[PDB]
Every structure is written in structure tokens, then in C-alpha cells.
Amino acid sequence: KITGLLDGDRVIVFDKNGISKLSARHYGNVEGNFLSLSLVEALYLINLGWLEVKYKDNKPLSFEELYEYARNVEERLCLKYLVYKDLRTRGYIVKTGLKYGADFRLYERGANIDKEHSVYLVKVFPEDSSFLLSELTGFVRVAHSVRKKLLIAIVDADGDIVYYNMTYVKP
């Protein structure tokens, strides 16, 4: 069970092999002799039984413990977490979509991250919260501007994720 260190909004890994294992599956970003995982990533790794996270004492935090800490640091933690876990489970390599204002950005399944770029821009939405339609049309424009497809991930009232693809059309 690889070990990581709770450092604010990130979790660091230094074990040489621990970092090699996680970099292979493409988790977090490698910065020198360290690997930086996001809080959602660490939670999912913990859930997978691969990662172990300690903060203060030598006693590693529990999923609940890390959740309690992250919910007060990250925003929409549960929203991003449920969906991230889903996509990871669907076989996707999920990476931040921050650069495009999106929640995530994904590579095709089975994509060679080496030569391939990301294809989907993902934006998560809770079913029961209304918002400006321009919020959506805006993402369709950004996605399109970067030759990427927009993926709307809805977390319905039942806690399940429903995905929709939205695009421009010329009747």
C-alpha cells in the first residue's frame, strides 16, 4: 500500500516504486522526485485500496477522515468525486479540466497518452440546481474552440451519473 503525505490541497508520494506504479496508471503529476495527487484522486486511490494517506501522526487517515478534511478545502468535493470515480471506473484517464474551465478532461479509452491529446471536457452538474443556459452554451463554445467534445455529467437525485453530449448544429 503506497504512502502519501497530506500537504494542504495535495497528497505527495516519494516511494520510488510507489510513484512508478501510480504514474503508470496516470495518477497525479510527477514533479521531480515526488508525485502530486489531488484530493479527489487520493480519496479514490484510498477507496481502491492502493494509497494510504497520513497527515499528522503516523496513523494514516481513513477515507472518512480525508473526506472531512477535503470537504473543507476543495469545492463541490462530492460532485467531483462521484463522477471522477465513475469515469475512472469506465476505464478513462481523468485529468483536471482546469485549463479549460471544465472539471475534468479525458483521453479516449485505450488512448496512448504519449502521442494522444485529451478528447472530452467534462463539467459536472447536480440535477436539482438551476443555472443560466449560457453556462452550457459557453462550454460548447470552449470545447469546440479546442477541437474537443463537451460531456455533461449529471449527478441525479439518486446519486447516479447520467452523461450527455451537446453540440452545435446547422439545420
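Residue indices: 1-based, along the sequence shown.
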Which is higher in the entry, the mean Cα B factor of 11-19 or that of 156-164?
-> 11-19
Got a sec? Mean C-alpha B-factor, which is higher, 63-71 or 39-47?
-> 63-71
Highest Cα B-factor in the deposition, which of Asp103, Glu52, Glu127, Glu135?
-> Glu52
Pick out which of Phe34, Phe139, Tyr27, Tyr107 has the highest C-alpha B-factor in the PDB entry.
-> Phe34
State the tercile, meaning the lowest, middle or highest third, of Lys95 with respect to the CA B-factors recorded for its chain.
-> middle
Taking the entry's C-alpha B-factors for this chain, is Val119 in the lowest, middle or highest third?
-> middle
